[PDB]
């Protein structure tokens, strides 16, 4: 279960999926600020998550921190270093007192945004299917490892 190789096998994530995520890097990068604004504004709309963004109003760091994570989904090198880093990300949220429910909530926001980029840029059905399948795997892997930080 615990190694990256094992996790990839369970999700049937292969080098083809990694190549497809790399092929989406330019679109993700083009759209990174739109993603960051929509992500940040959605959180500002829920009082419970809005709390965590009060100090950030002045510090002005957290929009960039989550923007950078989004870009990393497409950066390649999905290896044991990548999983270790996700475990760290998960624990950061546990440490500040964020309920895991809001991680699931946030991940829905990213998922809808990214699938809309795919729908809007890939008219060919099988190109679209393959890119959607790769993105759903990486988002689900991210959510899986982060969720496990609340248990472990």
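Residue numbers count along the first chain shown, from 1.
Note on 13-21 vs 136-144: mean CA B-factor is higher in 13-21. If you average the C-alpha B-factors over 30-38 and over 101-109, the higher value belongs to 30-38. In the deposited entry, the Cα temperature factor of residue 86 places it in the middle third of its chain's modelled residues. Among the modelled residues of its chain, residue 80 has a C-alpha B-factor that falls in the highest third, as given in the PDB entry. Compared with the other modelled residues of the chain, the Cα B-factor recorded for residue 57 ranks in the highest third. Among the modelled residues of its chain, residue 114 has a C-alpha B-factor that falls in the lowest third according to the deposited record.
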